[PDB]
Amino acid sequence: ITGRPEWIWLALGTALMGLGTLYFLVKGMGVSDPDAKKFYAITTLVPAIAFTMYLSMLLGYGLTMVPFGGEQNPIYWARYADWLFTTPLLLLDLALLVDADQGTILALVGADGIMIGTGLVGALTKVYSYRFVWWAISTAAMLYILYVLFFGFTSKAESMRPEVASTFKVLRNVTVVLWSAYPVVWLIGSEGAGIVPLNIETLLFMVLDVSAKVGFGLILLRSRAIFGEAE
Amino acid sequence: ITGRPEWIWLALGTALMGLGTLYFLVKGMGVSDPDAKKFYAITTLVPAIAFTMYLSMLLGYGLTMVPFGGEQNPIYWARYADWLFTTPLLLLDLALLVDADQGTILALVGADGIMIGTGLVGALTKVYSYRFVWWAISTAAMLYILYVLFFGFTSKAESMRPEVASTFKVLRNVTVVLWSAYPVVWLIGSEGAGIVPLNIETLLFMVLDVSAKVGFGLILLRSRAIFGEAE
Amino acid sequence: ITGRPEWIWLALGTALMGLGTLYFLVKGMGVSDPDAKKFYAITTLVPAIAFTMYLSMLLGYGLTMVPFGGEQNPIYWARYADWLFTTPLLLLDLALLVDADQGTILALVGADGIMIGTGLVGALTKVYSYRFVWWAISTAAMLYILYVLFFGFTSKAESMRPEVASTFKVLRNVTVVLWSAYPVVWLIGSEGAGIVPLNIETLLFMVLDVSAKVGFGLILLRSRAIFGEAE
Ligand SMILES: CC(C)CCC[C@@H](C)CCC[C@@H](C)CCC[C@@H](C)CCOC[C@@H](CO)OCC[C@H](C)CCC[C@H](C)CCC[C@H](C)CCCC(C)C
Ligand SMILES: CC(C)CCC[C@@H](C)CCC[C@@H](C)CCC[C@@H](C)CCOC[C@@H](CO)OCC[C@H](C)CCC[C@H](C)CCC[C@H](C)CCCC(C)C
Ligand SMILES: CC(C)CCC[C@@H](C)CCC[C@@H](C)CCC[C@@H](C)CCOC[C@@H](CO)OCC[C@H](C)CCC[C@H](C)CCC[C@H](C)CCCC(C)C
Ligand SMILES: *C/C=C(C)/C=C/C=C(C)/C=C/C1=C(C)CCCC1(C)C
Ligand SMILES: *C/C=C(C)/C=C/C=C(C)/C=C/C1=C(C)CCCC1(C)C
Ligand SMILES: *C/C=C(C)/C=C/C=C(C)/C=C/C1=C(C)CCCC1(C)C
Ligand SMILES: CCCCCCCCCCCCCCC
Ligand SMILES: CCCCCCCCCCCCCCC
Ligand SMILES: CCCCCCCCCCCCCCC
Ligand SMILES: CCCCCCCCCCCCCCC
Ligand SMILES: CCCCCCCCCCCCCCC
Ligand SMILES: CCCCCCCCCCCCCCC
Ligand SMILES: CCCCCCCCCCCCCC
Ligand SMILES: CCCCCCCCCCCCCC
Ligand SMILES: CCCCCCCCCCCCC
Ligand SMILES: CCCCCCCCCCCCC
Ligand SMILES: CCCCCCCCCCCCC
Ligand SMILES: CCCCCCCCCCC
Ligand SMILES: CCCCCCCCCCC
Ligand SMILES: CCCCCCCCCCC
Ligand SMILES: CCCCCCCCCC
Ligand SMILES: CCCCCCCCCC
Ligand SMILES: CCCCCCCCCC
Ligand SMILES: CCCCCCCCC
Ligand SMILES: CCCCCCCCC
Ligand SMILES: CCCCCCCCC
Ligand SMILES: CCCCCCCC
Ligand SMILES: CCCCCCCC
Ligand SMILES: CCCCCCCC
Ligand SMILES: CCCCCCCC
Ligand SMILES: CCCCCCCC
Ligand SMILES: CCCCCCCC
Ligand SMILES: CCCCCCCC
């Protein structure tokens, strides 16, 4: 484990995702509202999945070597197995908050799968220049997601209860800022141009992951928007 | 790329799926009917997924070598990753058109997963004679799907609006004819008996894919069956 | 095939899953109740999936070698591909029986995916002591599932029709007893401590699989709880 300088950030990430999972699990014990139960189930699964994948990276299972640039490059593939399941769950939290229609939910989840799937292909591609073709396709899929979150959901939240509109607006802004950083870290990190070393890259993804999952969840599950209007 | 004679058909397929995706995306911009939005989302995702997998084959990522018959045989595995997601989406288009019940939808999607999954196992199997055992199981799963589309959905469409009944009947006939060709191309192509060479096999799958996805989508999204009855 | 002593139990399992699939398929022909159709579709898919994965193990495709303990250990990975899809389908049978809320269904299916996913990682892990870390995480996920089936569903079934309450109680008890045996067989078998040899381990999993899928299905599909109350 300790033979890799980035191990400290993988261990911290593992701990923070595990602690986040347990807090949400305990906090959700005393909840019977069927609407609130939906948000607790979605939001608790997110850091639980991330916990297992951070642990796999810490123990060395989620790491492979990819030859490109005449070098064997360490690629943590477990990140994409994490994101494949956690990013659509996070979008479902937002879509259920605004009572989005089914067709829009399917478009979001499908574009998200394309985003993560093409990012994985780009991470494992051995022809250096082709890695950035996949990065560009994946980034186009992300821009579609961000467009929908702004010019489809925002207008839908305003016609909703005030507390669900204000909570959505906050979580929307958090998501757009944090998610946009991921393609940048990829491009300048060891998967892309190799400007930033792997140990610093790992620290950046850990800060982003914890903020986008645990921080996101703390804002959502403390809001009254997750409960139905009741007397 | 150009070192493979089949590259021209992979490049054409990539272009036609990309163009198809963009047309459906633009055409769906001016749509607010929640029913129509469902069909546009399903139908636009189909060629978008196929685009990415054709590109992976063009660039050489979606290709592996499988030893059988005393030879290293080029097997494009990316086809099955495509079909795993696009064939159930196409069946969902048909099932939603006739307002099929949930139990029937699950049976269709499950049989479809078995069809594609066993076809993938057959494509990667190293014992030559066993490849055709998997082909037979996969073909049995397809025949179940075709039976349901005829002796379960057809009777359901007649009790529906006339425009949804006539549109379903057309898309049903297109699907049964085109899908039935796939097991035949597999059997006589490089995955099976090896009668037809890979470059011709690739041309045939490209014609079938574009027809079953883009051609299918053009018929559906030009129909009024996708809109609810409104004044 | 016959070069492996466990082949006899893989062949028996294949036959019993295939026969089970055909019986459920025939029995479900004469069913039009939309509620009953749901249970028949879920319950017939379970042994059909298991059939294909037992066949892959029989023919040698679903087997790999994992080095640990200074030895190349035969690991049947196809079991986890089976369980990944069949265990959530079995939980869906139970959840639909008691009309569970959506949030609870998602929590069950998500915990089940974590259970199977971490068990697969543990089966393929090359550092011997780490294999049991994954076993423990997977077992914690199972205990969560069992808790929900007892202290969330049981109370919900009592407020239901008497026949659905008594049928659920029976299937609940069958599930908790049979599922609990799996982590024990893993721990003492070739994936874990290696006390029980592989051929005996394979026999035990076959008895458990057939009972948990075909036996489970025979109890459910003979009950009147799967039909709506009708005159
Ligand atoms: C509606 C939305 C959900 C739609 C989703 C969008 C999606 C279509 C976007 C594209 C996804 C696609 C790129 C997934 C590729 C997975 C692949 C990286 C797995 C590893 O295989 C890659 C190479 C080794 O580098 O295999 C070496 C050769 C091996 C012999 C490969 C044989 C196994 C194949 C991988 C079998 C295909 C399985 C499916 C891809 C499983 C789904 C994986 C997940 C990442 C989507
Ligand atoms: C309700 C419906 C959706 C049900 C679906 C029906 C489905 C059950 C039908 C059978 C599907 C099954 C054959 C999928 C097999 C995937 C497999 C080809 C992936 C590549 O692995 C094959 C060998 C190399 O040749 O791995 C070499 C050895 C490696 C060490 C393998 C270890 C990884 C395992 C593959 C882990 C299992 C992952 C799941 C199979 C992922 C789903 C893939 C998709 C193709 C279903
Ligand atoms: C809501 C719920 C459904 C959530 C589900 C819970 C889930 C997150 C729990 C953890 C699942 C995770 C451990 C799955 C790992 C699959 C992995 C074993 C496949 C084989 O790859 C392992 C190594 C060889 O030993 O690959 C060698 C290196 C290769 C180069 C690997 C590159 C391919 C990657 C495997 C791509 C990721 C694909 C996804 C993991 C596909 C889903 C598989 C299924 C088992 C979940
Ligand atoms: C909890 C994890 C989250 C919210 C991860 C989000 C990840 C992304 C938005 C990743 C995007 C990428 C691109 C847009 C292209 C480059 C490759 C990716 C996958 C890093
Ligand atoms: C857009 C792609 C489509 C509609 C693909 C359809 C593919 C099939 C219907 C494939 C069927 C197969 C068999 C029936 C057995 C032989 C292997 C397959 C997977 C080619
Ligand atoms: C039809 C198959 C069924 C119902 C299989 C159930 C399997 C389990 C409940 C497996 C559980 C495991 C653990 C709890 C940890 C050890 C590894 C597993 C996956 C065997
Ligand atoms: C979206 C965030 C990207 C900003 C990356 C900042 C990295 C600064 C760290 C110093 C770079 C290390 C280079 C010298 C080793
Ligand atoms: C009462 C609110 C705080 C509860 C404690 C939460 C502990 C989980 C770890 C959170 C750290 C990361 C927060 C986002 C920066
Ligand atoms: C379902 C369509 C299958 C028909 C295949 C027709 C192939 C004819 C092309 C000529 C065969 C090439 C053999 C000589 C190289
Ligand atoms: C107005 C209808 C035609 C629009 C142009 C569609 C261009 C997408 C490519 C379609 C070619 C394949 C059609 C099926 C044979
Ligand atoms: C949950 C069931 C686990 C019980 C396992 C009993 C196995 C007894 C078979 C004899 C053990 C073989 C050891 C000598 C070869
Ligand atoms: C009339 C009920 C029996 C029908 C025959 C079922 C045959 C399928 C194989 C069942 C054997 C396994 C039963 C569970 C132990
Ligand atoms: C194995 C991959 C299957 C999933 C394909 C994605 C489409 C799923 C459609 C689900 C239809 C709704 C069923 C109720
Ligand atoms: C990782 C594979 C999980 C999918 C298994 C297929 C069954 C899914 C059941 C979904 C139940 C409906 C939830 C609302
Ligand atoms: C185009 C939709 C408007 C909202 C999206 C904001 C774009 C942020 C740019 C992200 C940069 C990634 C490289
Ligand atoms: C048996 C259901 C009737 C409709 C299915 C038509 C069968 C077409 C044969 C396809 C040939 C594939 C080898
Ligand atoms: C803790 C929830 C109560 C019901 C679960 C029964 C636990 C059975 C123990 C299984 C042993 C697996 C190692
Ligand atoms: C080795 C660098 C080659 C540059 C390729 C950049 C491709 C980016 C595509 C974005 C449209
Ligand atoms: C090398 C050819 C061996 C023939 C096997 C055919 C199997 C087909 C099974 C269809 C029932
Ligand atoms: C080689 C045996 C090492 C023992 C590790 C046991 C780990 C079990 C963790 C359960 C909390
Ligand atoms: C609940 C605390 C979980 C912390 C265990 C993971 C941290 C790795 C320490 C080496
Ligand atoms: C929108 C046009 C997309 C065409 C790019 C793919 C074709 C491959 C050319 C080499
Ligand atoms: C319907 C009977 C299915 C039996 C075939 C599988 C058994 C393997 C025999 C070698
Ligand atoms: C993106 C930063 C999240 C901050 C988490 C703190 C929330 C406390 C209510
Ligand atoms: C299967 C052939 C499809 C033909 C596509 C043309 C549709 C234009 C309306
Ligand atoms: C767990 C044992 C199941 C027994 C199956 C027999 C059911 C006949 C109704
Ligand atoms: C009005 C809410 C502002 C939230 C933005 C937070 C950016 C990290
Ligand atoms: C909408 C604000 C985008 C912020 C992008 C930050 C990328 C590091
Ligand atoms: C009555 C519609 C006929 C459609 C069949 C088209 C076959 C390619
Ligand atoms: C229902 C007509 C089937 C046509 C099969 C064509 C196979 C090449
Ligand atoms: C295995 C075939 C079953 C025969 C019919 C059983 C009575 C519905
Ligand atoms: C009251 C029903 C008892 C069922 C338990 C069966 C254990 C195999
Ligand atoms: C609730 C009874 C548990 C039985 C466990 C059996 C494990 C072999």
# chains A, B, ... in the order shown; residues from 1 in each chain; ligands from 1
>>> closest_atom_pairs(of="chain C", to="chain B", cutoff="6 Å", atoms="only C-alpha atoms", output="Markdown table")
| residue | atom | partner | partner_atom | distance |
| --- | --- | --- | --- | --- |
| C:37 | CA | B:103 | CA | 5.2 |
| C:38 | CA | B:103 | CA | 3.9 |
| C:41 | CA | B:107 | CA | 5.3 |
>>> write_last_selection(atoms="C-alpha atoms", output="PDB file, in the first residue's frame")
ATOM      1  CA  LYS C  37     -47.867 -11.796 -15.421  1.00  0.00           C
ATOM      2  CA  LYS C  38     -45.352  -9.707 -13.451  1.00  0.00           C
ATOM      3  CA  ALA C  41     -41.920 -12.941 -15.859  1.00  0.00           C
TER       4      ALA C  41
END
>>> residues_near_ligand(ligand="ligand 22", cutoff="12 Å", atoms="only C-alpha atoms and all ligand atoms", output="PyMOL selection string")
(chain A and resi 133+137) or (chain B and resi 1-2+7-23+48+51-59)
>>> residues_around(residues="stretch 185-191 of chain C", least_positions_apart="3", cutoff="8 Å", atoms="only C-alpha atoms", output="MDAnalysis selection string")
chainID C and resid 73 75 123 135 181:182 194:198 201 204:205
>>> residues_around(residues="residue A:97", least_positions_apart="6", cutoff="9 Å", atoms="only C-alpha atoms", output="list in words")
residues 39, 157, 164, 165, 167, 168, 225 and 226 of chain A
>>> closest_atom_pairs(of="chain A", to="ligand 28", cutoff="8 Å", atoms="only C-alpha atoms and all ligand atoms", output="Markdown table")
| residue | atom | partner | partner_atom_place_in_ligand_line | distance |
| --- | --- | --- | --- | --- |
| A:173 | CA | ligand 28 | 1 (C) | 7.3 |
| A:176 | CA | ligand 28 | 1 (C) | 5.8 |
| A:177 | CA | ligand 28 | 4 (C) | 4.5 |
| A:178 | CA | ligand 28 | 6 (C) | 7.0 |
| A:180 | CA | ligand 28 | 7 (C) | 5.2 |
| A:181 | CA | ligand 28 | 8 (C) | 4.3 |
| A:182 | CA | ligand 28 | 8 (C) | 8.0 |
| A:184 | CA | ligand 28 | 8 (C) | 6.8 |
>>> atom_distance(atom1="atom 10 (C, counted along the ligand's line) of ligand 17", atom2="atom 5 (C, counted along the ligand's line) of ligand 33")
5.5 Å
>>> residues_near_ligand(ligand="ligand 4", cutoff="6 Å", atoms="only C-alpha atoms and all ligand atoms", output="VMD selection string")
chain A and resid 83 86 to 87 116 119 135 138 to 139 142 179 182 to 183 186 209 212 to 213
>>> residues_around(residues="residue A:166", least_positions_apart="5", cutoff="12 Å", atoms="only C-alpha atoms", output="short mmCIF file (atom, residue, chain, number, x, y, z; two decimals) with N, CA, C and O atoms, in the first residue's frame")
data_model
loop_
_atom_site.label_atom_id
_atom_site.label_comp_id
_atom_site.auth_asym_id
_atom_site.auth_seq_id
_atom_site.Cartn_x
_atom_site.Cartn_y
_atom_site.Cartn_z
N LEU A 97 -36.43 15.75 -7.39
CA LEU A 97 -36.71 16.96 -6.64
C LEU A 97 -37.66 17.88 -7.41
O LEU A 97 -38.56 18.49 -6.83
N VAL A 98 -37.47 17.97 -8.73
CA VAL A 98 -38.29 18.85 -9.57
C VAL A 98 -39.40 18.09 -10.27
O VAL A 98 -40.10 18.66 -11.11
N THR A 154 -34.48 24.10 -14.31
CA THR A 154 -34.64 25.36 -13.59
C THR A 154 -36.03 25.93 -13.79
O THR A 154 -36.70 26.33 -12.83
N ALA A 157 -38.51 24.00 -11.72
CA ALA A 157 -38.48 24.16 -10.27
C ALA A 157 -39.25 25.40 -9.82
O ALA A 157 -39.82 25.41 -8.73
N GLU A 158 -39.27 26.45 -10.64
CA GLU A 158 -39.94 27.68 -10.25
C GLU A 158 -41.44 27.48 -10.08
O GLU A 158 -42.06 28.15 -9.24
N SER A 159 -42.04 26.58 -10.86
CA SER A 159 -43.45 26.26 -10.73
C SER A 159 -43.73 25.28 -9.59
O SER A 159 -44.85 24.76 -9.51
N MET A 160 -42.75 25.02 -8.73
CA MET A 160 -42.89 24.08 -7.63
C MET A 160 -42.97 24.85 -6.31
O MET A 160 -42.97 26.09 -6.28
N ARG A 161 -43.03 24.10 -5.21
CA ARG A 161 -43.03 24.71 -3.89
C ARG A 161 -41.77 25.55 -3.70
O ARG A 161 -40.72 25.24 -4.27
N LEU A 171 -28.38 22.97 -5.15
CA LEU A 171 -27.75 21.72 -5.57
C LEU A 171 -27.37 21.76 -7.04
O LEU A 171 -26.36 21.16 -7.44
N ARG A 172 -28.16 22.45 -7.86
CA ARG A 172 -27.81 22.64 -9.26
C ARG A 172 -26.48 23.37 -9.39
O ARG A 172 -25.59 22.95 -10.14
N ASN A 173 -26.33 24.48 -8.66
CA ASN A 173 -25.10 25.27 -8.76
C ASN A 173 -23.89 24.48 -8.27
O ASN A 173 -22.82 24.52 -8.89
N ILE A 219 -26.46 18.80 2.16
CA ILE A 219 -27.37 19.89 1.81
C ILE A 219 -28.77 19.34 1.53
O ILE A 219 -29.77 19.91 1.97
N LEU A 220 -28.85 18.23 0.80
CA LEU A 220 -30.15 17.70 0.40
C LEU A 220 -30.92 17.16 1.59
O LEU A 220 -32.10 17.49 1.79
N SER A 223 -32.67 19.47 4.03
CA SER A 223 -33.73 20.31 3.50
C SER A 223 -35.10 19.69 3.77
O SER A 223 -35.24 18.48 3.90
N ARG A 224 -36.10 20.56 3.88
CA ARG A 224 -37.48 20.11 3.99
C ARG A 224 -38.11 19.82 2.64
O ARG A 224 -39.25 19.35 2.59
N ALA A 225 -37.39 20.08 1.54
CA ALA A 225 -37.91 19.79 0.21
C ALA A 225 -38.12 18.31 -0.03
O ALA A 225 -38.90 17.95 -0.92
#
>>> select_by_dssp(residues="stretch 3-229 of chain A", states="helix (DSSP H, G or I)", output="JSON, numbers by chain")
{"A": [7, 8, 9, 10, 11, 12, 13, 14, 15, 16, 17, 18, 19, 20, 21, 22, 23, 24, 25, 26, 27, 34, 35, 36, 37, 38, 39, 40, 41, 42, 43, 44, 45, 46, 47, 48, 49, 50, 51, 52, 53, 54, 55, 56, 57, 58, 78, 79, 80, 81, 82, 83, 84, 85, 86, 87, 88, 89, 90, 91, 92, 93, 94, 95, 96, 97, 102, 103, 104, 105, 106, 107, 108, 109, 110, 111, 112, 113, 114, 115, 116, 117, 118, 119, 120, 121, 122, 123, 124, 128, 129, 130, 131, 132, 133, 134, 135, 136, 137, 138, 139, 140, 141, 142, 143, 144, 145, 146, 147, 148, 149, 150, 154, 155, 156, 157, 158, 162, 163, 164, 165, 166, 167, 168, 169, 170, 171, 172, 173, 174, 175, 176, 177, 178, 179, 180, 181, 182, 183, 184, 185, 186, 187, 188, 198, 199, 200, 201, 202, 203, 204, 205, 206, 207, 208, 209, 210, 211, 212, 213, 214, 215, 216, 217, 218, 219, 220, 221, 224, 225, 226]}
>>> residues_near_ligand(ligand="ligand 26", cutoff="8 Å", atoms="only C-alpha atoms and all ligand atoms", output="MDAnalysis selection string")
chainID C and resid 174 178 211:212 214:216 218:219 222
>>> write_last_selection(atoms="C-alpha atoms", output="PDB file, in the first residue's frame")
ATOM      1  CA  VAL C 174     -36.962 -19.738   2.917  1.00  0.00           C
ATOM      2  CA  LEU C 178     -30.884 -20.317   2.190  1.00  0.00           C
ATOM      3  CA  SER C 211     -33.703 -24.519  -3.835  1.00  0.00           C
ATOM      4  CA  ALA C 212     -33.439 -20.716  -3.805  1.00  0.00           C
ATOM      5  CA  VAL C 214     -36.756 -23.336  -8.538  1.00  0.00           C
ATOM      6  CA  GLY C 215     -38.032 -24.265  -5.075  1.00  0.00           C
ATOM      7  CA  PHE C 216     -38.708 -20.598  -4.340  1.00  0.00           C
ATOM      8  CA  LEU C 218     -42.725 -23.349  -7.134  1.00  0.00           C
ATOM      9  CA  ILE C 219     -44.014 -21.956  -3.831  1.00  0.00           C
ATOM     10  CA  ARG C 222     -48.706 -21.977  -6.904  1.00  0.00           C
TER      11      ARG C 222
END
